[PDB]
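Before any questions on how it binds or moves, here is one chain, the form deposited in one PDB entry, in structure tokens.
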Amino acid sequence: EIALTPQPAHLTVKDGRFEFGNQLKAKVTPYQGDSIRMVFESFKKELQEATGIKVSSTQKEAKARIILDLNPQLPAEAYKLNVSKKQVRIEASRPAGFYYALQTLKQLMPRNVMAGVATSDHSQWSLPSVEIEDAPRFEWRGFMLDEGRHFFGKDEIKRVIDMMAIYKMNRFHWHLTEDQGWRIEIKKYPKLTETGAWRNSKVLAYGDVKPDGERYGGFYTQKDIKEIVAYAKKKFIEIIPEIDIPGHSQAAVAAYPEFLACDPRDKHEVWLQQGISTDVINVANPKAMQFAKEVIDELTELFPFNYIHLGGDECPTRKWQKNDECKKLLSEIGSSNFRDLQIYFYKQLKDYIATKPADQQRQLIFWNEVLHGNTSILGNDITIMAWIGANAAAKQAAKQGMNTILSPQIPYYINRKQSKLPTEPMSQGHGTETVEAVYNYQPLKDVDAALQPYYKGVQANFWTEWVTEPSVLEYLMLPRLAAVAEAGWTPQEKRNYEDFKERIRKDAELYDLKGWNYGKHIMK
């Protein structure tokens, strides 16, 4: 019983099986300075850890039990995988394609292989004969984690990356800064972490829930950030940092109130509540602009991927309205609409980025509500993450020639409850965002062919207002993460929730072996 998730574009089962011994020979293309050989070496280590099988090299076709060949006609993440009694044959055009072919290969084996866990007893190992041709539907297949509200740390984020890689996801969006915490070391502004990474409650207060008096927090050093980026790159996951400015910035304001606060004479502390804060950055202060530039500079050094997310939330303008510098700047830009200050701030930063050498330039991503503002000055070389009225907003973005990513609150905010049972952990929602609901979302329903090139893909987002424990994070992430991964990867014509349900059931064993929690509703 073969169970592949995401389901490949094309799968044909054939007669017989390929058997591994304790040792066998592989021939691997030397394409791009042995890059594919490096991918294969990582695979060899994983295989040996789980099965004891050792692979050696050959240059002879006739002696190669496994062969990785270059086929330049295939798309950048595409592959062919042909398993017969005599040979495993893989073709791809790019490293990621070889990597994905090998992920599929592992998935055809017992779940302990994908889990990277050995059996205690002697086992023998084989693959079903198959012909697979596969390629992702979308180039952006993403997961966002909020570590601003609750910090999980390096080991847990490595596990998150591990989960993503199993399901061939390729974009990790790291929501690192918030009203309630700042989680990334910035060398020029050390108080962002010293002040902003710690606060006097673990829980975030809302309604009947009050602050709990626990001194709580944490942050990533730059060394940690580089380590995680490198770890993710080995699994073909690129990382997008999100540093929210000037909204969702209360932690930064608490760190440097003397120039970031609109009201510096007032007390500023890290927020212990859930909600929307009015304590926004004073975008009219020249030192605040210097700060934003210096933060972007440091992000460029740490994150090699070509995008930065700056938020674009419709932050409260109340404090700007009461600030002499902000009132003066608004008058100077010839406006009476304070939202124009936020857009002006972004334009400044976009212009600054454009002054940098090409390799240091980054494209900006914003949440779709930014488009409610007067955004003409930003041009159309921005990317829109569509989360609220997502289908309508994505269409609007595409009509303006902006690339767009679909992350609808309903149903891709997978921190939301996944069941109506009274025993579920506390999180947002009422229990309607079941695995079925997540899977059934159709990203290109009713999207005109002309607009489709702008739709880069899909992303599940995980907000952590309520989620304080890794066990709960995992419980909510899985298995809905796989449903979104399948939406991202599998052609529409091969998608079917009932079929997915049967396949994803096979991964309970994987999750158990890895020690991951998961929702049990569709399992067993």
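Throughout, we count residues from 1 along the sequence that is shown. Note that the rigid core is defined as the largest set of C-alphas that superpose within 1.5 Å between two forms.
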Q) Hey, which bit's got the bigger mean C-alpha B factor in the entry, 278-286 or 409-417? A) 278-286
Q | Mean C-alpha B-factor comparison - 373-381 and 138-146, higher one | A | 373-381
Q: Can you pull the Cα B-factors for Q59, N461, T29, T464 from the entry and say which is highest?
A: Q59
Q.
Given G97, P264, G181, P241, identify the residue with the highest C-alpha B factor in the PDB entry.
A. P264
(Q) Could you place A508 in the lowest, middle or highest third of its chain by Cα temperature factor, using the values in the record? (A) middle
(Q) Ranking every modelled residue in this chain by its Cα temperature factor as given in the entry, which third contains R480? (A) lowest
Q. Against its chain's modelled residues, does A64's Cα B factor rank lowest, middle or highest third?
A. highest
Q: Relative to the other modelled residues of the same chain, rank the CA B-factor of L4 and answer lowest, middle or highest third.
A: lowest
Q. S471's Cα B-factor: lowest, middle or highest third of the chain?
A. middle
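Another form exists, deposited in another entry; not displayed. Remarks below refer to it.
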Q.
For the core superposition between the shown form and the other one, please identify the residue among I333, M426, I276, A230 whose CA shift reaches 2 Å or more.
A. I333
